[PDB]
Amino acid sequence: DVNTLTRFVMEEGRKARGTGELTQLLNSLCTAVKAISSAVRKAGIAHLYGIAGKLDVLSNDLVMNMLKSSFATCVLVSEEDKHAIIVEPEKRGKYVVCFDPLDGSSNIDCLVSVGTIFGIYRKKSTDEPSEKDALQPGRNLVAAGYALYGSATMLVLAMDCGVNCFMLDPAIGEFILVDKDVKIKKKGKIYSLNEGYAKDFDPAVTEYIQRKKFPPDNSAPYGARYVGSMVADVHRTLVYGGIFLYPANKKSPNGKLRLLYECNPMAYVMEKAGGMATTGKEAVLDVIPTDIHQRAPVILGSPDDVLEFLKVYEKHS
Amino acid sequence: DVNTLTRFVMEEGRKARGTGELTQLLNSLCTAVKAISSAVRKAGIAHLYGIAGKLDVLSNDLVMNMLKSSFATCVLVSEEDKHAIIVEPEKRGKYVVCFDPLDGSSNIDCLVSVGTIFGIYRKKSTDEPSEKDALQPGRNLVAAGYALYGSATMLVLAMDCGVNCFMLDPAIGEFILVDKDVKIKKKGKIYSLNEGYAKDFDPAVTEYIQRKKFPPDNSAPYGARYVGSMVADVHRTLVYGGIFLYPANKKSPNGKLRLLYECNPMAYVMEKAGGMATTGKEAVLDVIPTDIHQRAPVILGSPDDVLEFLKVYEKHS
Amino acid sequence: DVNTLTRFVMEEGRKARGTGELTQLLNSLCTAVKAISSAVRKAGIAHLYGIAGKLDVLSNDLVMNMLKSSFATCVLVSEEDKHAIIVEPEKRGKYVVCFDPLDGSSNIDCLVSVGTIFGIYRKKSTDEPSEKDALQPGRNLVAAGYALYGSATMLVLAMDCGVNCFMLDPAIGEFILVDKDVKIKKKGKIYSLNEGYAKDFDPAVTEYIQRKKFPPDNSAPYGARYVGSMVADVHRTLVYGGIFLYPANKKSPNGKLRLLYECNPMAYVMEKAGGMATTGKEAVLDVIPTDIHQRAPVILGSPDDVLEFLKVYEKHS
Amino acid sequence: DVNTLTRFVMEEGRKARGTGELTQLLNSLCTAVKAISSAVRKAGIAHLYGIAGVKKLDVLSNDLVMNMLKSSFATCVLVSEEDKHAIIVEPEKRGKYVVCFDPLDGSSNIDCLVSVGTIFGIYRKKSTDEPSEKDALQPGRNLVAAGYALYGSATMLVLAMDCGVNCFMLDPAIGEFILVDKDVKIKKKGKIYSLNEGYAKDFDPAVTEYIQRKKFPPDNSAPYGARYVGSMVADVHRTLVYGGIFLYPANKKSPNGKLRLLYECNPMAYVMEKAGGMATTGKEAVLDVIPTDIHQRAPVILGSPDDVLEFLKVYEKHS
Ligand SMILES: Cn1nc(Cl)c(Cl)c1Oc1ccc(S(=O)(=O)NC(=O)Nc2ncc(Br)s2)cc1
Ligand SMILES: Cn1nc(Cl)c(Cl)c1Oc1ccc(S(=O)(=O)NC(=O)Nc2ncc(Br)s2)cc1
Ligand SMILES: Cn1nc(Cl)c(Cl)c1Oc1ccc(S(=O)(=O)NC(=O)Nc2ncc(Br)s2)cc1
Ligand SMILES: Cn1nc(Cl)c(Cl)c1Oc1ccc(S(=O)(=O)NC(=O)Nc2ncc(Br)s2)cc1
């Protein structure tokens, strides 16, 4: 039987017997994602170039408006907005959404892959909506994932029962279920990070990457990959295995990536696929935020590889 | 005024007052690229998954058929085909085409950037056509370039008078002139290579990469990017500046990339944009081929960055 | 606020808080409509014509497979099938759907307008399903409507509270609501029928056409339009006003158009918009079918015009 | 072998060993036809209805056709249904051709999603005077090429020239016109007539009789069927594809007809003849009328050759 994202979400909703508010959220999110992809692939560009005589701003506008009009959300935290967004009373619902509307849109001049990342939280108190409702630990996530605008457009959706991958067919505007319940390899052969920052590496990271290149035994050295776009680099790790690092050093003791709308959804997708995601000191999903735009270090991927990193990291503790 | 790819090539053809055989070729190749892009973006994939009840092989078949049926070619070399292709007598024209129909289609499961790379030669010998007609050095190219199937679909077109970039507008299926007479930065700040082969690196490469991480003049360290797909890495280098390296290792004593339909078209675009491309001993475009699938090492990019590598290279004899 | 067809159906579905089975139905039907439209507009025709080396049949297969796999249907009557289709046990649900997957596709060689017409009924008995579940009169319709593949693709959806029109935006694959709670004019200025059949006209129709061309009270005469595809003509009647006639004559005492999947869903749309639809003797919606493929004559449109037709009609006994 | 319109035009242009001006012309028109098609299909309508928080279609269509032709460097006078006076292309962008076009015919009923179309006729500039409006006052006999885009259930381009008529189907996945029907010819005699019978009370005595013969044939053969979409491009292309007759004739209230000679009557007549059909005004051939005004009207009766002749026989009985 053929399966779409919309058919998938309704069947899970009927199993759980909810009211439908979460499904209205996800459907709005898919629709916004399809409009973003259309703009990213440059539909209608000939008109700007004079046939008859902004991209991340538009992206944030498509996601914002579609969520407000869903009548299912109450607080929206975005990489584009300095303060959290409070939905007006007439359009209010019960969910909290943290998103990066166009991850990697800084290097979009080289036609690099870009993506939309989201984490969806349930609102905990009945107090007036405010920023405090987005300050939950990654363990509290209801669902999370990302859109990859790569050679094709794919939506990866993680929930309690696991991770599923959907492919956008642009002829009809439908996400097609193509990979059910994916699990990451127990141990990989690729390591992923920016080695240009070598002089600033934490001493454990230095040794761990050295062990990937010069094994003390006779194993094969690892290969290396780094796109510079999180949605792309993390998605390769899921599909091929290996380790992804944007770690802490003395210059950025808390890392560079934002915890809420980058680190948490990817940590969630990883753990639901059998992987791990750590800061070195603790699991990313266990961190309690105190600011919506706060940073977190992250090392994620295959479990044997993260354990091997934690072994070196603790050796230097 | 709006300019398209077809209008651009027709304008250049009347300037040159040629017959139009090259125009029919370029038009045929552009049609093949618009077809491949539609396949890479998964248009119509919903039917494969039963809505009504290989990709690089297809890419190879689309480029093969459109070039044959243009009546403009006589020898065709492809990464998918073990031997060169001899075009039948009724469809022969005066040009020779070397192409990789879907470069990077190995990592196409991680939705990595993929692309089509091509190089165009006027047949040189008057002999009956054979594989020897594709063994010309890259200096002899009439035109060269690539389609990058990234976040959007772009065609980069290089010729004697320079490099032009066209953006595919899928709404109307037309390439739109968006970057006229493009030039690479004189010097960049990103380096690109697979550091997993560090244990097999030649001493010259070992030293040059050391200089990128720990600069001797206390300048800021370069950043590193490595997609693992040549079309993406080169286009990022072209759009931003910097250096791209795939040198030899123990597994590849003659280097890894293919000279005919990977290294040379990229050497041509670089030099036509003001960049450089070397193997260490000589310019890639100066290499005289003896076998159609032969390998070459390559270091290319911004002119100041490649000169700095060769300076280190001659230090080690 | 922007509204899509999917948002419209879920919000109405939550208004009634039904099980979700009818929503899973309409979502599947909408998905088939987008697929038909893409093939009707000739997406991918280059592959059929050998770029790398039926339409009503595919249309019927898309609607059949998408409805079966919705788990919301058990009996399906289609213009393409001699007998009704009984859904297999594991996929049986509670709704009955009548559809013409591609109305007017015989004249598709002149690129005339084509359309999909559908009506949805509820299962009548709790016994095992059979054809009798589709032999309901039009008065029982839960929903009905049509897609018009014209200069654009529009979905007109009629239900208890009235009729709404949605426009397919092909860039993103979403139906956008453009006309809310539509009503036809009380009286129009256009009549629509095949006047080449003048020789077989009932005396009443002849007189009614006489008064439109030569008004006895010197009002201005009506204009004439006749496309020859029912979905197109009916939609023109709704948008501009007037009357559409395919009536009974001595040769076809029961008309030409089919009652289940052409006449009934169109009569339903008209009445829900403030119009009328008659066979001359009674309302179309009051007709009891005895065979899934039985015919009925139809006169529909503006209320003053249907009454003026019946006025002449009753004078002639 | 697969054939596209761009490949087809480059091949014919190379046979004739021309300069390339006419191919650059048609290529610009094909692109204008694809942008119009994309707009008529309502791509991007979600932005007009507030999905993220303009021009009428005939204004955009006329702007698209105008801009692409000027920028082709192949034209010098442009007559459009939208513009009162002829347009003289500025000196730096002048070429040798004159184009009379209707950019979106039938766009009045576009609210009922009726078929719409683009009609065009191409002339070479004849005189060596500085270009002016008079350069468009040539009779239809002078056409280099003519045709139409029909934005119907699919988008098709019909191109007529000296050697005949060819049809291309737009594949929107790649944006290419694909040659699908080569060298079309209309049937010698059809079974469909096309005109607005609602205005019967003003009919000329012959048109009354001819339509009388089609509904109640004197030889008791089967009657013709009637079709009238109300949009010229859809109706005429149906005539070409299936045969029959299309009529918009003269009456006492409109002695010169309603349709315009330059950008409606002549291009449809030209396509008809190059496919084996006829097109007449009753008194003379459409292609033989010498205009004195670029927006002057003409009656037109066109379609299968045998069907048009039966009209002219009735026409002359009434002198
Ligand atoms: C928790 N989680 N995370 C993802 Cl990801 C997915 Cl999937 C998923 O599973 C649910 C759970 C609850 C809901 S819900 O609360 O919205 N319930 C409904 O929608 N019920 C319906 N009734 C009629 C129709 Br038709 S659907 C939706 C999806
Ligand atoms: C050399 N180079 N490399 C690229 Cl890339 C491009 Cl662009 C370009 O420039 C030419 C040069 C020669 C030709 S040609 O030899 O084919 N001649 C013609 O096409 N003549 C025509 N006549 C009428 C029309 Br209309 S076009 C085409 C393009
Ligand atoms: C009857 N009619 N005809 C048309 Cl046309 C339309 Cl609109 C319409 O309105 C309904 C009424 C009931 C249903 S239903 O029985 O399927 N119920 C639900 O779907 N409930 C849901 N719960 C959560 C989510 Br989310 S939807 C569907 C549509
Ligand atoms: C007269 N007519 N009507 C239609 Cl319709 C068509 Cl088709 C057609 O036939 C010509 C004749 C001449 C030209 S032309 O004068 O523009 N010549 C060229 O384009 N020559 C070329 N050289 C290299 C390339 Br490549 S094409 C264009 C089309």
# chains A, B, ... in the order shown; residues from 1 in each chain; ligands from 1

$ closest_atom_pairs --of "chain D" --to "chain B" --cutoff "6 Å" --atoms "only C-alpha atoms" --output "Markdown table"
| residue | atom | partner | partner_atom | distance |
| --- | --- | --- | --- | --- |
| D:34 | CA | B:172 | CA | 5.7 |
| D:35 | CA | B:172 | CA | 5.8 |
| D:174 | CA | B:173 | CA | 5.3 |
| D:175 | CA | B:173 | CA | 3.9 |

$ residues_near_ligand --ligand "ligand 4" --cutoff "8 Å" --atoms "only C-alpha atoms and all ligand atoms" --output "number ranges by chain"
B: 10, 13-14, 18-24; D: 8-26, 144-146, 159-162

$ interface_residues --of "chain A" --to "chain B" --cutoff "6 Å" --atoms "only C-alpha atoms" --output "CSV table (one decimal) with N, CA and C atoms, in the first residue's frame"
chain,number,residue,atom,x,y,z
A,2,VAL,N,0.4,2.2,-0.8
A,2,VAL,CA,1.1,3.5,-0.9
A,2,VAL,C,0.9,4.3,0.4
A,41,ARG,N,14.0,26.1,-4.8
A,41,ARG,CA,14.3,25.6,-6.1
A,41,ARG,C,14.1,26.7,-7.2
A,42,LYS,N,13.8,27.9,-6.8
A,42,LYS,CA,13.7,29.1,-7.6
A,42,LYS,C,12.6,29.2,-8.6
A,43,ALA,N,11.4,28.6,-8.3
A,43,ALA,CA,10.2,28.8,-9.1
A,43,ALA,C,9.8,30.3,-9.2
A,44,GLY,N,9.7,30.7,-10.5
A,44,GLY,CA,9.3,32.1,-10.8
A,44,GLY,C,10.5,33.1,-10.8
A,45,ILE,N,11.8,32.6,-10.8
A,45,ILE,CA,12.9,33.6,-10.7
A,45,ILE,C,13.0,34.5,-12.0
A,49,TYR,N,14.0,38.8,-12.8
A,49,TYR,CA,15.0,39.2,-13.8
A,49,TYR,C,14.3,39.8,-15.1
A,50,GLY,N,13.1,40.3,-15.0
A,50,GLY,CA,12.6,41.2,-16.1
A,50,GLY,C,11.9,40.5,-17.2
A,51,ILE,N,11.2,39.4,-17.0
A,51,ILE,CA,10.5,38.7,-18.1
A,51,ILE,C,9.3,39.5,-18.6
A,110,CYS,N,26.4,29.3,-2.7
A,110,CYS,CA,27.0,28.2,-3.3
A,110,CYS,C,26.1,27.0,-3.7
A,111,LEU,N,24.8,27.3,-3.6
A,111,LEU,CA,23.7,26.3,-3.8
A,111,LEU,C,23.9,25.0,-2.9
A,112,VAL,N,24.5,25.2,-1.7
A,112,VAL,CA,24.6,24.2,-0.7
A,112,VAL,C,23.2,23.8,-0.2
A,113,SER,N,23.1,22.5,0.2
A,113,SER,CA,21.8,22.0,0.9
A,113,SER,C,21.4,22.9,2.0
A,149,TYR,N,16.5,20.0,2.1
A,149,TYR,CA,16.3,20.5,0.8
A,149,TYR,C,17.6,20.2,0.0
A,150,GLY,N,17.8,18.9,-0.3
A,150,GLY,CA,19.0,18.5,-1.0
A,150,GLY,C,18.8,18.2,-2.4
A,151,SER,N,19.5,17.2,-3.0
A,151,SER,CA,19.2,16.9,-4.4
A,151,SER,C,17.7,16.5,-4.6
A,152,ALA,N,17.1,16.1,-3.5
A,152,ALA,CA,15.6,16.0,-3.5
A,152,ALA,C,15.2,16.6,-2.1
A,169,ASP,N,7.6,14.4,-3.7
A,169,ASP,CA,7.4,14.3,-5.2
A,169,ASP,C,6.9,15.7,-5.7
A,170,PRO,N,7.6,16.5,-6.4
A,170,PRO,CA,7.1,17.8,-6.8
A,170,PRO,C,6.0,17.8,-7.9
A,171,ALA,N,5.8,16.7,-8.5
A,171,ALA,CA,4.7,16.7,-9.5
A,171,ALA,C,3.3,16.8,-8.8
A,194,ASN,N,34.7,20.2,11.6
A,194,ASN,CA,35.6,21.2,11.0
A,194,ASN,C,37.0,21.2,11.5
A,196,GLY,N,39.5,22.7,10.3
A,196,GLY,CA,40.2,23.9,10.2
A,196,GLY,C,40.4,24.6,11.6
A,198,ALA,N,41.7,23.3,14.2
A,198,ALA,CA,42.5,22.3,14.9
A,198,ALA,C,43.3,22.9,16.1
A,213,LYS,N,42.5,8.5,12.4
A,213,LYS,CA,43.4,8.4,11.3
A,213,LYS,C,44.6,7.4,11.5
A,222,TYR,N,39.4,5.9,9.3
A,222,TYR,CA,38.1,6.5,8.9
A,222,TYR,C,38.3,7.5,7.7
A,223,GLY,N,37.2,7.6,6.9
A,223,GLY,CA,37.1,8.7,6.0
A,223,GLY,C,36.4,9.9,6.7
A,224,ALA,N,36.5,11.1,6.1
A,224,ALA,CA,36.0,12.3,6.6
A,224,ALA,C,35.0,13.0,5.7
A,225,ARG,N,34.0,13.6,6.2
A,225,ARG,CA,33.0,14.4,5.5
A,225,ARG,C,32.5,15.7,6.4
A,226,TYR,N,32.4,16.8,5.7
A,226,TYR,CA,31.8,18.0,6.4
A,226,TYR,C,31.2,19.0,5.4
A,227,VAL,N,29.8,19.0,5.3
A,227,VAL,CA,29.1,19.9,4.4
A,227,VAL,C,29.1,21.3,4.9
A,236,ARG,N,23.5,12.5,6.7
A,236,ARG,CA,24.4,11.5,6.3
A,236,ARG,C,24.8,10.5,7.4

$ residues_around --residues "range 246-250 of chain D" --least-positions-apart "4" --cutoff "10 Å" --atoms "only C-alpha atoms" --output "count of residues only"
37

$ closest_residue --among "A:189, A:272, A:211, A:316" --to "ligand 1" --atoms "only C-alpha atoms and all ligand atoms"
A:272

$ residues_around --residues "residue 257 in chain A" --least-positions-apart "2" --cutoff "12 Å" --atoms "only C-alpha atoms" --output "compact mmCIF listing (two decimals) with N, CA, C and O atoms, in the first residue's frame"
# COMPACT_ATOMS: atom_id res chain seq x y z
N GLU A 79 14.64 30.89 14.90
CA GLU A 79 15.96 31.49 14.76
C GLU A 79 15.88 32.92 14.22
O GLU A 79 16.80 33.71 14.44
N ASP A 100 14.19 26.30 13.29
CA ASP A 100 15.08 27.07 12.43
C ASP A 100 14.48 27.06 11.03
O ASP A 100 14.47 26.01 10.38
N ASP A 103 17.88 26.41 7.91
CA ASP A 103 19.19 26.09 8.45
C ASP A 103 20.20 25.97 7.31
O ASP A 103 19.98 25.25 6.33
N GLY A 104 21.33 26.66 7.46
CA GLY A 104 22.35 26.69 6.45
C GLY A 104 22.16 27.77 5.40
O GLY A 104 22.92 27.80 4.43
N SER A 229 26.57 22.39 6.57
CA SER A 229 25.14 22.53 6.79
C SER A 229 24.65 21.40 7.69
O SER A 229 24.80 20.22 7.33
N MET A 230 24.05 21.75 8.84
CA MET A 230 23.77 20.75 9.87
C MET A 230 22.81 19.69 9.36
O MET A 230 23.04 18.49 9.54
N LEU A 245 30.44 15.87 15.18
CA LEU A 245 30.97 16.65 16.29
C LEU A 245 30.91 18.13 15.96
O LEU A 245 31.48 18.56 14.95
N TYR A 246 30.28 18.90 16.84
CA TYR A 246 30.46 20.35 16.90
C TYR A 246 30.67 20.56 18.40
O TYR A 246 29.76 20.96 19.13
N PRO A 247 31.90 20.30 18.88
CA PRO A 247 32.10 20.13 20.31
C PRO A 247 32.46 21.41 21.04
O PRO A 247 32.60 22.47 20.41
N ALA A 248 32.62 21.32 22.36
CA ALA A 248 33.06 22.46 23.14
C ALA A 248 34.58 22.55 23.15
O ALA A 248 35.29 21.54 23.14
N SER A 252 34.61 28.48 23.05
CA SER A 252 33.16 28.39 23.14
C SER A 252 32.82 27.25 24.08
O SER A 252 32.45 26.15 23.64
N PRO A 253 32.90 27.48 25.39
CA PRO A 253 32.71 26.37 26.34
C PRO A 253 31.35 25.72 26.25
O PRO A 253 31.18 24.61 26.77
N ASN A 254 30.38 26.36 25.60
CA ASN A 254 29.07 25.77 25.44
C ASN A 254 28.78 25.42 23.98
O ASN A 254 27.63 25.13 23.65
N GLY A 255 29.79 25.40 23.13
CA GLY A 255 29.54 25.12 21.73
C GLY A 255 28.95 26.30 20.97
O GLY A 255 28.85 27.44 21.45
N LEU A 259 20.60 25.08 21.21
CA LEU A 259 20.13 23.82 21.74
C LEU A 259 18.70 23.55 21.29
O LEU A 259 18.39 22.45 20.81
N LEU A 260 17.85 24.58 21.34
CA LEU A 260 16.41 24.37 21.22
C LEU A 260 16.01 23.92 19.83
O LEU A 260 15.29 22.93 19.66
N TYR A 261 16.43 24.66 18.81
CA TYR A 261 15.91 24.40 17.48
C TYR A 261 16.98 23.80 16.56
O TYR A 261 16.78 23.73 15.35
N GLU A 262 18.12 23.38 17.13
CA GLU A 262 19.10 22.58 16.40
C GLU A 262 19.47 21.31 17.16
O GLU A 262 19.10 20.21 16.76
N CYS A 263 20.07 21.45 18.34
CA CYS A 263 20.63 20.28 19.01
C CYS A 263 19.54 19.31 19.45
O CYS A 263 19.68 18.10 19.26
N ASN A 264 18.44 19.83 20.04
CA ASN A 264 17.43 18.92 20.57
C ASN A 264 16.74 18.09 19.50
O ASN A 264 16.71 16.86 19.63
N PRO A 265 16.18 18.66 18.43
CA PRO A 265 15.55 17.79 17.43
C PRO A 265 16.51 16.76 16.85
O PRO A 265 16.11 15.62 16.62
N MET A 266 17.79 17.11 16.66
CA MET A 266 18.68 16.09 16.09
C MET A 266 19.05 15.03 17.12
O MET A 266 19.12 13.84 16.79
N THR A 279 26.92 15.89 25.18
CA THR A 279 27.72 17.10 25.24
C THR A 279 29.12 16.80 25.73
O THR A 279 29.96 17.72 25.80
N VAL A 284 22.44 15.26 25.54
CA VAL A 284 21.82 16.52 25.11
C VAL A 284 20.36 16.57 25.54
O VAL A 284 19.87 17.62 25.98
N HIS A 293 17.58 30.99 23.04
CA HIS A 293 18.62 31.01 22.02
C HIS A 293 19.96 30.50 22.54
O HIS A 293 21.00 30.80 21.95
N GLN A 294 19.95 29.73 23.62
CA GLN A 294 21.19 29.28 24.23
C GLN A 294 21.84 28.16 23.41
O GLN A 294 21.17 27.43 22.66
N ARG A 295 23.15 28.03 23.56
CA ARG A 295 23.95 27.06 22.82
C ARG A 295 24.21 25.80 23.66
O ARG A 295 24.19 25.82 24.89
N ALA A 296 24.55 24.73 22.95
CA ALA A 296 24.89 23.42 23.48
C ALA A 296 25.96 22.77 22.59
O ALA A 296 25.88 22.87 21.35
N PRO A 297 26.96 22.13 23.18
CA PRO A 297 27.85 21.29 22.38
C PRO A 297 27.21 19.95 22.08
O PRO A 297 26.37 19.45 22.83
N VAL A 298 27.60 19.34 20.96
CA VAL A 298 26.94 18.09 20.58
C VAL A 298 27.93 17.19 19.84
O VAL A 298 28.67 17.63 18.96
N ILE A 299 27.96 15.93 20.26
CA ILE A 299 28.67 14.84 19.60
C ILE A 299 27.67 13.69 19.51
O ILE A 299 27.25 13.15 20.55

$ atom_distance --atom1 "CA of residue 1 in chain D" --atom2 "atom 27 (C, counted along the ligand's line) of ligand 2"
22.7 Å

$ select_by_dssp --residues "range 117-263 of chain B" --states "strand (DSSP E or B)" --output "PyMOL selection string"
chain B and resi 117-122+141-149+153-159+162-169+174-179+190-192+223-224+226+243-246+257-258

$ residues_around --residues "range 135-142 of chain B" --least-positions-apart "2" --cutoff "6 Å" --atoms "only C-alpha atoms" --output "PyMOL selection string"
chain B and resi 120-121+132-133+264+285-289

$ atom_distance --atom1 "CA of residue 167 in chain D" --atom2 "CA of residue 288 in chain D"
26.3 Å

$ atom_distance --atom1 "CA of residue 157 in chain A" --atom2 "CA of residue 50 in chain D"
27.3 Å

$ select_by_dssp --residues "range 74-280 of chain B" --states "alpha helix (DSSP H)" --output "PyMOL selection string"
chain B and resi 203-213+230-240+264-272

$ write_last_selection --atoms "N, CA and C atoms" --output "mmCIF file, in the first residue's frame"
data_model
loop_
_atom_site.group_PDB
_atom_site.id
_atom_site.type_symbol
_atom_site.label_atom_id
_atom_site.label_comp_id
_atom_site.auth_asym_id
_atom_site.auth_seq_id
_atom_site.Cartn_x
_atom_site.Cartn_y
_atom_site.Cartn_z
ATOM 1 N N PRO B 203 54.609 14.102 1.881
ATOM 2 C CA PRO B 203 55.112 15.158 2.779
ATOM 3 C C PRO B 203 54.746 16.571 2.362
ATOM 4 N N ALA B 204 54.553 16.834 1.071
ATOM 5 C CA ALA B 204 54.173 18.180 0.657
ATOM 6 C C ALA B 204 52.755 18.508 1.115
ATOM 7 N N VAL B 205 51.829 17.570 0.917
ATOM 8 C CA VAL B 205 50.457 17.771 1.362
ATOM 9 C C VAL B 205 50.395 17.880 2.879
ATOM 10 N N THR B 206 51.151 17.027 3.585
ATOM 11 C CA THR B 206 51.199 17.095 5.045
ATOM 12 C C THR B 206 51.599 18.485 5.519
ATOM 13 N N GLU B 207 52.596 19.091 4.869
ATOM 14 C CA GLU B 207 53.015 20.427 5.276
ATOM 15 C C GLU B 207 51.975 21.485 4.914
ATOM 16 N N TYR B 208 51.408 21.428 3.702
ATOM 17 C CA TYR B 208 50.462 22.470 3.300
ATOM 18 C C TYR B 208 49.212 22.454 4.178
ATOM 19 N N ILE B 209 48.721 21.269 4.542
ATOM 20 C CA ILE B 209 47.554 21.222 5.419
ATOM 21 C C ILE B 209 47.908 21.717 6.821
ATOM 22 N N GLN B 210 49.141 21.467 7.273
ATOM 23 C CA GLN B 210 49.601 22.039 8.535
ATOM 24 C C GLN B 210 49.518 23.555 8.508
ATOM 25 N N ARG B 211 49.885 24.160 7.377
ATOM 26 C CA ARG B 211 49.836 25.607 7.238
ATOM 27 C C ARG B 211 48.416 26.134 7.233
ATOM 28 N N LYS B 212 47.432 25.311 6.867
ATOM 29 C CA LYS B 212 46.051 25.779 6.903
ATOM 30 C C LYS B 212 45.474 25.777 8.315
ATOM 31 N N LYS B 213 45.920 24.856 9.161
ATOM 32 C CA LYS B 213 45.419 24.769 10.526
ATOM 33 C C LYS B 213 46.189 25.660 11.506
ATOM 34 N N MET B 230 32.234 16.109 -6.147
ATOM 35 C CA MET B 230 33.143 17.085 -6.753
ATOM 36 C C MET B 230 32.408 18.321 -7.297
ATOM 37 N N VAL B 231 31.242 18.131 -7.920
ATOM 38 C CA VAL B 231 30.517 19.286 -8.443
ATOM 39 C C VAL B 231 30.215 20.298 -7.332
ATOM 40 N N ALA B 232 29.814 19.827 -6.147
ATOM 41 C CA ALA B 232 29.481 20.773 -5.086
ATOM 42 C C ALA B 232 30.723 21.471 -4.559
ATOM 43 N N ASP B 233 31.798 20.705 -4.341
ATOM 44 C CA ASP B 233 33.021 21.264 -3.783
ATOM 45 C C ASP B 233 33.630 22.301 -4.719
ATOM 46 N N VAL B 234 33.621 22.022 -6.026
ATOM 47 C CA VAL B 234 34.215 22.951 -6.977
ATOM 48 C C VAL B 234 33.377 24.224 -7.100
ATOM 49 N N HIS B 235 32.058 24.076 -7.165
ATOM 50 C CA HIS B 235 31.198 25.242 -7.294
ATOM 51 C C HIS B 235 31.268 26.138 -6.053
ATOM 52 N N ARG B 236 31.350 25.539 -4.849
ATOM 53 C CA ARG B 236 31.584 26.341 -3.651
ATOM 54 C C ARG B 236 32.907 27.070 -3.743
ATOM 55 N N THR B 237 33.944 26.383 -4.225
ATOM 56 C CA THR B 237 35.241 27.017 -4.431
ATOM 57 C C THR B 237 35.144 28.156 -5.433
ATOM 58 N N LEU B 238 34.469 27.909 -6.568
ATOM 59 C CA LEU B 238 34.245 28.960 -7.564
ATOM 60 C C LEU B 238 33.418 30.107 -6.988
ATOM 61 N N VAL B 239 32.368 29.798 -6.224
ATOM 62 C CA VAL B 239 31.511 30.894 -5.777
ATOM 63 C C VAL B 239 32.156 31.647 -4.615
ATOM 64 N N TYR B 240 32.987 30.981 -3.798
ATOM 65 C CA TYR B 240 33.552 31.623 -2.612
ATOM 66 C C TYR B 240 35.066 31.802 -2.606
ATOM 67 N N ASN B 264 39.558 17.594 -16.177
ATOM 68 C CA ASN B 264 39.739 18.613 -17.211
ATOM 69 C C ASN B 264 38.594 19.631 -17.276
ATOM 70 N N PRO B 265 37.315 19.249 -17.361
ATOM 71 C CA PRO B 265 36.275 20.301 -17.384
ATOM 72 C C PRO B 265 36.363 21.248 -16.204
ATOM 73 N N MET B 266 36.806 20.771 -15.043
ATOM 74 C CA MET B 266 36.954 21.660 -13.899
ATOM 75 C C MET B 266 38.181 22.557 -14.033
ATOM 76 N N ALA B 267 39.287 22.017 -14.529
ATOM 77 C CA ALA B 267 40.444 22.857 -14.838
ATOM 78 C C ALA B 267 40.085 23.961 -15.837
ATOM 79 N N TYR B 268 39.235 23.649 -16.818
ATOM 80 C CA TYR B 268 38.844 24.639 -17.816
ATOM 81 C C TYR B 268 38.015 25.763 -17.199
ATOM 82 N N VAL B 269 36.975 25.418 -16.418
ATOM 83 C CA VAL B 269 36.153 26.445 -15.769
ATOM 84 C C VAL B 269 37.006 27.307 -14.853
ATOM 85 N N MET B 270 37.900 26.678 -14.092
ATOM 86 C CA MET B 270 38.723 27.440 -13.161
ATOM 87 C C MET B 270 39.547 28.470 -13.907
ATOM 88 N N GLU B 271 40.297 28.027 -14.917
ATOM 89 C CA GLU B 271 41.169 28.948 -15.633
ATOM 90 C C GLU B 271 40.353 30.014 -16.342
ATOM 91 N N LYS B 272 39.227 29.632 -16.944
ATOM 92 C CA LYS B 272 38.374 30.661 -17.523
ATOM 93 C C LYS B 272 37.748 31.593 -16.481
#
